[PDB]
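Structure first, then comments.
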Amino acid sequence: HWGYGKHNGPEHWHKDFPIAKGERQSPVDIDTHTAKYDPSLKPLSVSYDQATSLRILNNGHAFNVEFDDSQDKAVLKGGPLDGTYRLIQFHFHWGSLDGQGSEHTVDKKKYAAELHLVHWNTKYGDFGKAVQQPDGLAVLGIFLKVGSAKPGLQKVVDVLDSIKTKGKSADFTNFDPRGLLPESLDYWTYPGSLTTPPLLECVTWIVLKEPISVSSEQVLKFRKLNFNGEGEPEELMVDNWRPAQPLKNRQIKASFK
Ligand SMILES: Cc1cccc([N+](=O)[O-])c1
Ligand SMILES: [Zn+2]
């Protein structure tokens, strides 16, 4: 099945998921010179004070930190969005080296990693229904650069030993995702897709301009994870990013001057 090897990586996904060659695929390169400032965009409203993290899972593709999405406890609103979007999970994509790992790029620059906070539109009732709608999801994307440690990331890093292989989970309560945000909420936005199969074209992307800094040590621990299951040949979970896709007939809008 699909993955990030030579034989099963991004360049193969279209055979099982033909929407991979669609009109609104993600990620994309953000050309900062052609993204136009849209004064009609609102500030983003990130309301995570009541967020309830539950569990962390190695799904064989990344690790997901999962939230209780049975009520409006951690929600994204404003920005480009109409209505209310509930946080369901976050996860990262990262590289084998610090010079690649992000999905989105900025003027062709690749960051060491990218965080995706996934939210679904409450008007559709559940996640599964939301992903069938063009405005079903809002994903907040945050770039990671290697420098100073991110204190708020360390709780995630330190549990990764317990979910080394595919299918492992661990309790992961009381984690505050506010500690993963940069100072500024300036953003770019465009319509796109999930970046993993099934690649559904259901996402309003909100990509923050300001990266967070993580330490080398932190990212090294991501790279100790495994794609494989327990007692299978070890294959390090690295380079779990889809490259930039054609922009096609889209515009990327900037919230800032
Ligand atoms: C399959 C799946 C589920 C949730 C989120 C994404 N995504 O952001 O690409 C993909
Ligand atoms: Zn992602």
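Chain labels A, B, ... are given in the sequence in which chains occur in the structure tokens; within each chain residues are numbered consecutively from 1, and ligands are likewise numbered from 1 in the order shown.
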
Looking only at strand (DSSP E) from DSSP on the backbone, list the matching residues of region 91-209 of chain A as a PyMOL selection string. chain A and resi 91-94+105-106+113-121+137-146+169-171+187-192+203-208

Residues within 8 Å of ligand 2, counting only C-alpha atoms and all ligand atoms, as an NGL selection string: :A and (90-93 or 103 or 114-116 or 194-196 or 241)

Based on DSSP run over this structure's backbone, return all residues of region 3-245 of chain A in alpha helix (DSSP H), as a PyMOL selection string. chain A and resi 127-130+154-159+216-222

Got time to write the residues from that selection, C-alpha atoms, as a short mmCIF file (atom, residue, chain, number, x, y, z; two decimals), in the first residue's frame?
data_model
loop_
_atom_site.label_atom_id
_atom_site.label_comp_id
_atom_site.auth_asym_id
_atom_site.auth_seq_id
_atom_site.Cartn_x
_atom_site.Cartn_y
_atom_site.Cartn_z
CA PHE A 127 -15.07 14.16 10.08
CA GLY A 128 -16.01 11.49 7.60
CA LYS A 129 -18.83 13.60 6.19
CA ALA A 130 -16.68 16.73 6.22
CA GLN A 154 9.25 18.32 24.33
CA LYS A 155 6.30 16.38 25.85
CA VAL A 156 5.60 15.02 22.36
CA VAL A 157 9.20 14.16 21.70
CA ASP A 158 9.67 12.31 24.91
CA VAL A 159 6.71 9.94 24.37
CA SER A 216 18.23 19.48 16.30
CA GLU A 217 17.79 17.04 19.13
CA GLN A 218 13.98 17.32 18.91
CA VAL A 219 13.85 16.58 15.19
CA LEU A 220 16.40 13.74 15.61
CA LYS A 221 13.86 12.02 17.84
CA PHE A 222 11.19 12.25 15.15
#

Could you check how far CA of residue 169 (chain A) sits from atom 8 (O, counted along the ligand's line) of ligand 1, in Å to one decimal?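 These two atoms are separated by 19.3 Å.
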
Given the choices A:252, A:131, A:212, A:46, which gets closest to ligand 1 if the distance is worked out from only C-alpha atoms and all ligand atoms?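 Going through A:252, A:131, A:212, A:46 one by one, the smallest distance to ligand 1 is for A:131.
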
Just the number, please: distance in Å from CA of residue 167 (chain A) to CA of residue 228 (chain A), one decimal.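 Rounded to one decimal, the two atoms are 9.0 Å apart.
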
When you look at residue 172 (chain A) with a cut-off of 7 Å (counting only C-alpha atoms), what residues show up, excluding the ones that are within fewer than 3 positions of it in the same chain? I need them as a list in words. residues 53, 54, 55, 56 and 175 of chain A

Contacts of residue 2 (chain A) within 8 Å, only C-alpha atoms, excl. fewer than 4 positions in-chain, as an MDAnalysis selection string: chainID A and resid 8:9 12:13 197

Output for the residues just chosen: N, CA, C and O atoms as a PDB file, in the first residue's frame:
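Saved the output as out_4.pdb:
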ATOM      1  N   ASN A   8       6.480   3.001  -3.588  1.00  0.00           N
ATOM      2  CA  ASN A   8       5.123   3.251  -3.133  1.00  0.00           C
ATOM      3  C   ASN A   8       4.882   4.722  -2.764  1.00  0.00           C
ATOM      4  O   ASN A   8       3.868   5.054  -2.193  1.00  0.00           O
ATOM      5  N   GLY A   9       5.801   5.584  -3.152  1.00  0.00           N
ATOM      6  CA  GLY A   9       5.766   6.950  -2.730  1.00  0.00           C
ATOM      7  C   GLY A   9       4.851   7.805  -3.598  1.00  0.00           C
ATOM      8  O   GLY A   9       4.126   7.374  -4.459  1.00  0.00           O
ATOM      9  N   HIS A  12       3.628   7.423  -7.154  1.00  0.00           N
ATOM     10  CA  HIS A  12       2.781   6.267  -7.457  1.00  0.00           C
ATOM     11  C   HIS A  12       1.341   6.419  -7.034  1.00  0.00           C
ATOM     12  O   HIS A  12       0.502   5.612  -7.448  1.00  0.00           O
ATOM     13  N   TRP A  13       1.041   7.398  -6.183  1.00  0.00           N
ATOM     14  CA  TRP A  13      -0.250   7.430  -5.543  1.00  0.00           C
ATOM     15  C   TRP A  13      -1.401   7.545  -6.534  1.00  0.00           C
ATOM     16  O   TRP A  13      -2.494   7.084  -6.252  1.00  0.00           O
ATOM     17  N   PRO A 197      -3.084  10.052   0.792  1.00  0.00           N
ATOM     18  CA  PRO A 197      -4.299   9.345   0.355  1.00  0.00           C
ATOM     19  C   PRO A 197      -5.372   9.377   1.461  1.00  0.00           C
ATOM     20  O   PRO A 197      -5.032   9.136   2.609  1.00  0.00           O
TER      21      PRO A 197
END

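Between ligand 1 and the candidates A:18, A:27, A:177, A:39, the tightest atom-to-atom separation, counting only C-alpha atoms and all ligand atoms, involves A:27.
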
I'd like the contact shell of residue 123 (chain A) - 10 Å cut-off, only C-alpha atoms, skipping same-chain residues fewer than 4 positions apart - returned as a PyMOL selection string. chain A and resi 83-85+129-130+135-136

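You can rank A:16, A:235, A:66, A:230 by their closest distance to ligand 1 using only C-alpha atoms and all ligand atoms, and at the top of that list sits A:66.
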
Find the residue from A:257, A:61, A:7, A:1 that sits nearest to residue 94 (chain A); use only C-alpha atoms when measuring.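 So, comparing all the options, the nearest one is A:61.
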
Please provide as a compact mmCIF listing (two decimals) with C-alpha atoms, in the first residue's frame all residues within 12 Å of residue 25 (chain A), with the sequence filter that same-chain residues fewer than 2 positions apart are discarded (counting only C-alpha atoms).
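New file out_7.txt:
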# COMPACT_ATOMS: atom_id res chain seq x y z
CA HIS A 14 -2.23 8.42 -8.65
CA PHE A 17 -6.08 7.63 -6.05
CA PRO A 18 -6.50 9.34 -9.47
CA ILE A 19 -7.45 12.62 -7.73
CA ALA A 20 -3.67 12.89 -7.11
CA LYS A 21 -3.54 14.61 -10.52
CA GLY A 22 -6.54 16.80 -9.71
CA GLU A 23 -7.11 20.54 -9.93
CA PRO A 27 0.93 20.96 -0.93
CA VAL A 28 2.02 23.81 -3.19
CA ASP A 29 4.93 26.20 -3.42
CA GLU A 103 5.23 19.83 2.37
CA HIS A 104 4.56 23.44 1.52
CA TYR A 190 -5.57 28.70 -0.63
CA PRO A 191 -8.00 25.82 -1.47
CA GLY A 192 -6.44 22.38 -1.59
CA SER A 193 -6.43 18.80 -0.52
CA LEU A 194 -5.34 16.23 2.00
CA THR A 195 -1.65 15.60 1.41
CA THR A 196 -1.94 11.82 1.94
CA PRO A 197 -4.30 9.35 0.36
CA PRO A 198 -7.19 9.63 -0.24
CA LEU A 199 -6.03 13.14 -1.31
CA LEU A 200 -9.58 14.54 -1.11
CA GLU A 201 -10.06 18.12 -2.24
CA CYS A 202 -11.74 19.29 0.97
CA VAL A 203 -9.25 21.61 2.63
CA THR A 204 -8.97 25.32 3.21
CA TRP A 205 -5.25 25.67 3.89
CA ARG A 242 4.53 14.94 -0.42
CA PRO A 243 6.31 17.38 -2.76
CA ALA A 244 4.70 20.55 -4.10
CA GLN A 245 1.93 20.03 -6.65
CA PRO A 246 0.84 22.26 -9.55
CA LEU A 247 -1.05 25.35 -8.48
CA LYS A 248 -3.33 25.24 -11.52
CA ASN A 249 -6.15 27.65 -11.42
CA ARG A 250 -5.63 28.88 -7.78

Would you compute the distance between CA of residue 152 (chain A) and CA of residue 113 (chain A)? Give it in Å to one decimal. 15.7 Å

Applying 10 Å and only C-alpha atoms, which residues near residue 73 (chain A) remain after dropping the ones on its own chain fewer than 6 positions away? List them as a list in words. residues 47, 48, 49, 50, 51, 52, 67, 86 and 87 of chain A

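Nearest residue to ligand 1, choosing from A:105, A:89, A:184, A:213 and counting only C-alpha atoms and all ligand atoms: A:89.
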